[PDB]
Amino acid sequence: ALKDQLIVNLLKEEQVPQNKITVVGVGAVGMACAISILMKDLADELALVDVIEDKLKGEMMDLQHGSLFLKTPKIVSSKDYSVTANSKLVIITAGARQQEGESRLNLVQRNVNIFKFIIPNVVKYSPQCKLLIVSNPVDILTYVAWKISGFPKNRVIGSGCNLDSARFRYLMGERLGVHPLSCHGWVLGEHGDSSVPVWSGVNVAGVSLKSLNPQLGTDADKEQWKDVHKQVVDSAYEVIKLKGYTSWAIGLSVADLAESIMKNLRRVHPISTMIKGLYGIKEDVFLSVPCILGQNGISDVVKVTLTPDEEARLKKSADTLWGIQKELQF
C-alpha cells in the first residue's frame, strides 16, 4: 500500500476532538456562522446538521475543499445527531424566518415545535455542551431550549442583542467618524421591535454623549439620535427587503460569542439570559442584559443603572415577551 511505503504508523488513535463546535441548520445563517468560525480558528472539528440531506452534504464538501486554506482539520455532517458527539458548543440556527414586514414573534410556535425534536437530540450526544440559540424569536427560544434541555441556565445562551448593539455602534461610528470599536453603547431587552437603547451609557472615550446632549434619544433631540435605534430595530427588515434574508452580520456576531466561550474570555456581551430578579421581573423571562461570557457560558450579569424612561422601556420589552411566552406548551 502506497501509504505504508511512505509513512510508518506509530499510533492508531481515534482522534477525539478537544474544541468541537456543531452548527445546527445550514441555511444562510448557519453557513455564515460556519465560515466565520472556520476563519477565526475556533474549532478543531466542525459538525453540521440539517434535515435536507443533499444541501447538507454539498455545504460540507464545499467547506472541505477549502481545507488547505483553513486550520480546522475535520469538517463533518449528518442528519444523525451522533455526528455532534463531544461538542463544547452547539449553535442552533434552525427554523422558520420572518417574511418581509413580519415580526419575529410570528415564528414562535413553529420554531418551538422544531426545538422539541432538535434539543433532546443535541443533549443526548453532548450533555455538557453550551447551547447558543440564534433562531427567532431568540429570547423565547432560549427559554424553551433551557426548559427542554434541563441544562443549568449558565449553559443556555441566546445570541440576543449582540448584533443590535454591533449595529448601534456601527451607525454611531458612521455619525461620529470613529471606528465602532471606540463607540460604546448598549441595546438591551428583546432582539426585536421592543429593544431598549441605553442612552445613559452611550459614550466615546468615557465621555457620555447624554452629558453633551441632555435630550439624547428623546423626541426633543435636535439630532434625532432615536432614529439610530429605529435603524437598529429596522435593520433586519431593510436587509430582508433588499437581499431577501440576512446572514453575514449575524454570522460574525455568533462567531464573536463563540470566541468568548471557546477561549474563556469573560468579555461582556448583551445576550439573552434569565432576568428573573432584576428591574422587578418575577417570571422566567429571558432577554438581553450585559453578561460575562466564558467557558461555562454566562457566569455573571452586569447590573445596569437604567433611567426611569429606560427602565420603563425595558419593563415593556419584558412584558411583550412574557405575553407570548406565558401561553406556551411543549
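Note that the rigid core is defined as the largest set of C-alphas that superpose within 1.5 Å between two forms. The first residue of the sequence shown is number 1, and the count goes up from there.
Comparing 106-114 with 187-195 by root mean square Cα distance to the shown form in 8 other deposited structures of this protein, with the rigid core used for the fit, gives 106-114 as the more displaced stretch. Choosing between 241-249 and 92-100, the greater Cα displacement from the shown form in 8 other deposited structures of this protein, fitted by the core, goes with 92-100. Higher mean CA B-factor, judged across 241-249 and 225-233 from the recorded values: 225-233. For the pair 300-308 and 42-50, the mean Cα B-factor is higher in 300-308. Based on the entry's C-alpha B-factors, the most elevated value among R266, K282, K57, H65 belongs to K282. Residues shown: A94, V254, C129, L209. Highest C-alpha temperature factor in the entry: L209. Split the chain's modelled residues into thirds by C-alpha temperature factor. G294 is in the middle one. In this PDB entry, the Cα temperature factor of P197 sits in the middle third of its chain's modelled residues. Annotation for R167: C-alpha temperature factor in the lowest third relative to the rest of the modelled chain, per the entry. Among the modelled residues of the chain, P180 sits in the middle third by CA temperature factor in this PDB entry.
Annotation for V112: CA B-factor lies in the middle third of the chain's modelled residues.
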